[PDB]
């Protein structure tokens, strides 16, 4: 499985060290003027300066590249860095971008405030309906950007169907697969051109690092992305790369538990009288379950449910003993959040409506704690 691959990354040992060393350095020495000059022209093997390339970071990049099935991967200081670099490395004044209508808050901010200032046209549309994508299409359409399942509502898009449109019509497909991890969703295997993650979430999974990663189908696209990163400057620190690579060693095993724990918690919620509705892609009752079972080999453990009022969401969120009230997701312990007033508080009213985000919704990110302990925590909070 994917576990052996992750624990046995390709490459040589450094001074026979079993654990890969942390290259906490800015610069590298040259043997001669020519050797230094050659590296600047991309000939020969070696390093120049950590913003161009750091061995500890490259090891992390290789690990993600191996499970994505990519030509190459680039690490960043945050998911937002991956997202900016995977879009603005390509899009320019006069170009048009189609993006999902329901996206992580700060992605809405990027697509909605910054891109138009740089002369990029952006439409947000319901990407669960492939014909809706075809109708928004323009002659200057250069990219489609998807998040599936979406944050926070878990709305599922047909990545593979959109990928066909993109191939035929000459556009890049970018997919944020943060919510599912590369164990369960491999967008490049579905026709996508770029797959990206907030490493801050599942990939690292220990709640102690912010980082991003972007993987490209072609060698030319990852070189462009890295060229942008050189100038935009969102870098993963060597220490964070050591921590991310370390976290990734247990990724396959953690995902297995996240997925099963998640399925079980959602079912407890779906059949509980105080719960109106549960948005989890693995449920038969959820719209897009068929597409998601087809296009993914498993599910993340972050999902959303509806209470009967705002008072009751507040009641539940503030009387839990095990779950922690905090933003973020995909950590080893359980997190709980209120999107309307937190993660998606800054999202414009009209995008708020079309997304379906209301004060009645509560988002949970189920950890790898014993499931029954998680359920008993939710139980006492709901029933008391």
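Residue numbers count along the first chain shown, from 1.
Colleague: Quick check on the record: does 98-106 or 280-288 carry the larger mean Cα temperature factor?
Modeller: Comparing averages over the C-alpha atoms only gives 280-288.
Colleague: Mean C-alpha B factor from the entry: is it higher for 329-337 or for 353-361?
Modeller: Taking the mean C-alpha B-factor of 329-337 and of 353-361, the larger value falls to 353-361.
Colleague: Using the entry's values, work out which of 31, 62, 68, 318 has the largest Cα B factor.
Modeller: Among 31, 62, 68, 318, the PDB entry lists the largest C-alpha B-factor for 318.
Colleague: When you compare the CA B-factors of 132, 172, 113, 206 as listed in the entry, which one comes out on top?
Modeller: Max CA B-factor in the entry, restricted to 132, 172, 113, 206: 132.
Colleague: According to the PDB entry, is the CA B factor of residue 19 in the bottom, middle or top third of its chain, that is, lowest, middle or highest?
Modeller: Lowest third.
Colleague: Please rank the C-alpha B-factors of the chain's modelled residues and tell me whether residue 39 sits in the lowest, middle or highest third.
Modeller: Lowest third of the chain for residue 39's C-alpha B-factor.
Colleague: Among the modelled residues of this chain, does the Cα B factor of residue 252 put it in the lowest, middle or highest third?
Modeller: Middle third, going by the recorded CA B-factors of the chain.
Colleague: Compare the C-alpha B factor of residue 211 with those of the other modelled residues in its chain, then answer lowest, middle or highest third.
Modeller: Ranked within chain, residue 211 CA B lands in the lowest tercile.
Colleague: Comparing residue 184 with the other modelled residues of its chain, is its CA B-factor in the lowest, middle or highest third?
Modeller: Middle third, going by the recorded CA B-factors of the chain.
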